[PDB]
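Breakdown of the fold
As a plain string of letters, each chain reads:
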Amino acid sequence: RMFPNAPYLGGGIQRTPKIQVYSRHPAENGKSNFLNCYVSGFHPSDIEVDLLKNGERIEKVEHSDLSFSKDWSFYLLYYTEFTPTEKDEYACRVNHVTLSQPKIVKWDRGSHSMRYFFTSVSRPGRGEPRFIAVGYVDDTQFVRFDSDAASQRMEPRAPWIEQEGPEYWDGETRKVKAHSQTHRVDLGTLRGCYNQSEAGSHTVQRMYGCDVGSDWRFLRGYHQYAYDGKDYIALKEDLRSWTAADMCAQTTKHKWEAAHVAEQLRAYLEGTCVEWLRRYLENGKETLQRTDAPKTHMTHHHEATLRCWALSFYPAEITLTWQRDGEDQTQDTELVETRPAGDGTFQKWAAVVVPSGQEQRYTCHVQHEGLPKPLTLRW
Amino acid sequence: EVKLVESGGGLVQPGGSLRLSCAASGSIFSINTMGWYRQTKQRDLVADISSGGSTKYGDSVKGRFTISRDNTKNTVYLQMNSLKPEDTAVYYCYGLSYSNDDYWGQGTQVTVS
């Protein structure tokens, strides 16, 4: 359940996307599967992603709701159901403001937390700002709101949240509608405080939530804002003081100290946030309290490359480390971002370029919550 | 391997119209989707069409621009009606092979007074 209000900020750096194209399950001819294109680490959020089949666009492509990581960079999963055959070739095309031309990537065949993420993007001339809100318990999304969608309601995105009655959905719809109007104002006062033109597109990002240990007791609370992918104002760990980044955010900080906004958030993050996280963990215990250990294997392909795989694991937190002769090798190694399979599980792999013949000197180390002991892989 | 010959650009008054054409040289089995992007750093989708005739348009040109194809000559056409000053850009023809290799033309300047 969300915080009841969005306090007004008050009047007074681009990153290119990382692209991964992959199937949900290991590719098998004649077997139904899912083709994924995962884009992450990009800013701003406006992005155009196509899935290509034999040199043309696949028609029915869905994508996840816009969310972002701790560093404020966005991520999206584009996916479609498909049956790969022997001759068909697939790829993903991504267009972004950071790219001079669209990039094509071919398909080479027990702690807990509750998090709410908000993104507001101004569209000068092309309508009102785009507002997207998502709610997470750990790495499982359970609610969403899109200002461009037809329902104009907060919608369920996990089976266990559908239980909640109309008073829940009406209340979350009411709150998220007000948050949209608040950030529409916020974009205006930020444009004014920074003396920016009315024709430019800008982004307000908001994130808050609480962490609990394996005993379901409060650990940490968060509440931070960002303007155009840069820190604006953030609530410190004590949940009593604010960190302002510049003169514009200092004005917001003084208005929030005078209004005692931190005290409102502290009670929510230590009380309501914890209370409903436990209710969600209980109601969706079959999904949220599971742990899927990574199914691991090793791939080999003057020099040779060693690739350490980890598949179908939950939660997404994982560590893959390379080392030669028991010495952590943080050089000549490729580590991709953890990616969603689309079925609730996650994937990751680690690469290392080894001189041919010295392959058995390298070892891949896998740390995950579902593993009783950390694993060691070696060819 | 593949060459894209572009033509039909130039200067036009507001409200006027132009027709771009793009011809792919090589085998007819070498190119599926053909279309246009236009320069803004990035280049934005204008319109493209598959060999089977599946079209897609950028939001800023929907209703005014129309792409068509003569599959018997591997050549596409872009009828750009109701042109505005904001339509001024270099328009790059492009094509996709059936293995998802992209080919790009040098582009044609379009200027709307």
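Residues numbered from 1 in each chain as written, not as in the entry; some residues may be left out. Chains lettered and ligands numbered in written order. Heavy atoms only, no water. Residues with missing side-chain atoms left out of burial classes, pairs and counts.

Per the deposited record, X-ray crystallography is how this structure was determined, to a resolution of 2.35 Å.

Concerning the sheet that holds strand β19 (residues 319-324) of chain A
Within a sheet, each strand pairs with its neighbour through backbone hydrogen bonds, oriented either parallel or antiparallel. Residue and element names in this part refer to chain A. The following threshold applies: At least two DSSP bridges between two strands are needed for those strands to be called paired. A run of DSSP states H or I qualifies as a helix once it reaches four residues; a run of E qualifies as a strand once it reaches two. Both are numbered from the N-terminal end.
Spatial strand order, β20-β19-β24-β25: 4 strands in an open sheet with antiparallel pairing. Each end of this open sheet is capped by a strand with a single partner; those strands are β20 (327-328) and β25 (375-377). Sheet topology note: the β19/β20 ladder contains 2 bridges and is antiparallel. Residue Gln 323 lies in a different strand from β20, and its bridge partner there is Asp 328.

Section: unusual backbone geometry
Outside of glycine, negative phi angles account for most residues, and trans bonds account for most peptide bonds. Residues and elements named next belong to chain A. Omega for the peptide link from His 43 to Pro 44 comes to 0°, which places this bond in the cis form. Looking at the element boundaries, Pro 44 is found in the loop between β2 (33-42) and β3 (48-53). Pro 315 follows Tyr 314 through a cis peptide bond whose omega is 0°. Its place among the elements puts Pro 315 in the loop between β18 (303-313) and β19. The phi torsion at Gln 152 lies on the positive side, around 55°, for a residue other than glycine. Assignment of secondary structure puts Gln 152 in the loop between β11 (140-146) and β12 (155-156). Not every positive phi belongs to a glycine, and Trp 216 is a case in point at roughly 65°.

Some remarks on the state of the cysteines
All names here are of chain A. Worth spelling out the cut-off: Defined by distance alone, a disulfide is two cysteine sulfur atoms within 2.5 Å.
Note on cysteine connectivity: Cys 210 is disulfide-linked to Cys 273, with sulfurs 2.0 Å apart. Handedness of the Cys 210-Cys 273 disulfide follows from its S-S torsion of about -90°: it is left-handed. Linking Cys 210 in strand β13 (residues 203-212) with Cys 273 in helix α3 (residues 261-283), this pair joins segments that are 63 residues apart in sequence. Disulfide partner of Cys 308: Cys 364, at an S-S distance of 2.0 Å. Residues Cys 308 and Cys 364 share a disulfide whose torsion about the S-S bond is about -70°; that sign makes it left-handed.

Thoughts on α3(A)
The cut-off we apply is this: The span you would expect from a helix comes to 1.5 Å times its residue count less one. To get the bend at any residue, fit one axis to the seven residues that end at it and another to the seven that begin at it, then take the angle between the two axes.
With 23 residues, α3(A) ought to run about 33 Å at 1.5 Å a step, and its terminal C-alpha atoms sit 31 Å apart, in line with that. At A:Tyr268, α3(A) shows its largest bend, some 40°.

Things to note about the interface of chain B and chain A
As a reminder of what qualifies: Contacts are assigned to residue pairs that have any heavy atoms within 4.5 Å of one another. Each residue gets one of three labels, nonpolar for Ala, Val, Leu, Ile, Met, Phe, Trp, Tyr, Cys and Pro, charged for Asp, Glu, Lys and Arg, and polar for the others, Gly among them.
Across the boundary between the two partners, chain B contributes 20 residues, which contact 22 residues of chain A. Contributions of two or more residues to the side of chain B that touches chain A are made by β5 (43-49), β9 (89-96) and β10 (102-104) of chain B. Among the elements that line the side of chain B that touches chain A, the one with the most residues is β5(B), at 4 residues. Class assignment for the residues of the side of chain B that touches chain A results in 6 nonpolar, 7 polar and 7 charged.

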